[PDB]
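Colleague: Chains as they are written, first to last, in the entry's author numbering: chain B, 884 to 932; chain a, 590 to 638; chain A, 149 to 164, 169 to 177. Structure in structure tokens, see below.
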């Protein structure tokens, strides 16, 4: 059903749509804090061994 | 804004005058649309002062 | 007057831009 039935907004532009949609989720810090977390994860196993 | 733009010509090194963020188009602008053409017009006439 | 009372009913019946749509709107 999802393959056979799909439509667009009636007059859309596919750069305005994305410059509006992708914008608010690029003020997060979890994508950096996981990089902080992987340091502790990698150093703890070296301290253990 | 017009008289402050004229007064800013004297104090070039201390203060600089720019057009606001909100006077630009939404995101990009899409020449397809009509309102952003007039936005471009207003901006391109305001900028040389 | 009735001239205003009918106009308010016409405005109550007949009620509610050219831009590319965004995900907010």
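Backbone N, C-alpha and C define an ideal beta-carbon position, used for all residues, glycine too.
With residue 634 (chain a) as the anchor, note down where its alpha helix (DSSP H) starts and where it stops.
Modeller: Where residue 634 (chain a) is concerned, the enclosing alpha helix (DSSP H) stretches over 624 to 635.
Colleague: Determine contact between the segment 893 to 902 of chain B and the segment 610 to 625 of chain a, defined as no fewer than three beta-carbon pairs at a distance below 8 Å.
Modeller: These segments touch.
Colleague: Look up residue 154 (chain A) in the DSSP assignment and say whether it is helix, strand or coil.
Modeller: Looking at residue 154 (chain A) - three-state DSSP - the assignment turns out to be helix.
Colleague: Residue 596 (chain a) and residue 606 (chain a) - do their beta-carbons sit closer together than 7 Å?
Modeller: No, the pair does not count as a contact, with Cβ atoms beyond the cut-off.
Colleague: What residues from chain a crowd round residue 172 (chain A), counting only those whose CB sits closer than 8 Å?
Modeller: Within 8 Å Cβ-Cβ: 619, 621 and 622.
Colleague: Mapping the DSSP letters down to three states, classify residue 601 (chain a) as helix, strand or coil.
Modeller: Looking at residue 601 (chain a) - three-state DSSP - the assignment turns out to be coil, as it is neither helix nor strand.
Colleague: May I have the straight-line CA-CA distance separating residue 170 (chain A) from residue 915 (chain B), to the nearest angstrom?
Modeller: Between residue 170 (chain A) and residue 915 (chain B), the C-alpha separation is close to 40 Å.
Colleague: In the structure shown, what three-state DSSP assignment does residue 610 (chain a) receive?
Modeller: Helix at residue 610 (chain a).
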